[PDB]
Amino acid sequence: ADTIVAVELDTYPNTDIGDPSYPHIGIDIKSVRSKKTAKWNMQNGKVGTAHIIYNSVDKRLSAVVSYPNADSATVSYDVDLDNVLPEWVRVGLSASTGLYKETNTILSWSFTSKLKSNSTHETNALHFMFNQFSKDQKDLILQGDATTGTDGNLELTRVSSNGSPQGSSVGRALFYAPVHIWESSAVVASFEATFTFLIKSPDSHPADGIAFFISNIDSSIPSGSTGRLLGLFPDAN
């Protein structure tokens, strides 16, 4: 299987697989059963911001999700990324729909990674920033139903031409360049991601969510990973 570390914006409560009974943000370490979650007051049809930090100093993964003029939702987990991920990774955005559906629109995405040797005391770094997505976006690997260029946006899941989102949809976008995330247990990268998103549903119950993830460089959408598996995990274990 793939090795996945993720921050999930989970719209749909799957209580039979350990989700809390409400929309939530979570940190996922090699499992869709979040190691840590916080209640998320998702606003159907509003543009929100996601802010994620891995701080190598504390070995702490952090995520804040917020809407303008509302209080944020936050989650944090201590994890040795050197002991979980391979040395080289791709970073991406994933989304899914199931029986229930939502638009999974990404309007912007930025990422920074810094890896600094103890010996040199000098840093290697990668930064990209998309404020607009292009019809033929060659620095992104699109998987499943993911498309770009509609209103300059990244549509992670299938939307019809009238604007209606579709069920049983999955789609991912990975940055083309692989990212160097550790050299030893003592030298680990810090990174920062931001994205803005628009989750719109006609349904009383939107589903299933958006995730920022780090995987092995050759990661692909697992078979049957629509709905509650967020296009990340082969099963709900």
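Residue positions are given as counts along the sequence shown, with the first one as 1.
- The mean Cα B-factor in the deposited entry runs higher for 111-119 than for the other of 111-119 and 140-148.
- 29-37 and 65-73 differ in mean CA B-factor, and the higher of the two is recorded for 65-73.
- Among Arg172, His51, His205, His180, the highest C-alpha B-factor recorded in the PDB entry belongs to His205.
- Sorting the modelled residues of the chain by their CA temperature factor places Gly227 in the lowest third.
- Ranked by Cα temperature factor within the chain, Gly167 sits in the middle third according to the deposited record.
- When all modelled residues of the chain are sorted by CA temperature factor, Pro23 is found within the lowest third.
- In this PDB entry, the Cα temperature factor of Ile4 sits in the middle third of its chain's modelled residues.
- In the PDB entry, a CA B factor belonging to the lowest third of its chain's modelled residues is recorded for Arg90.
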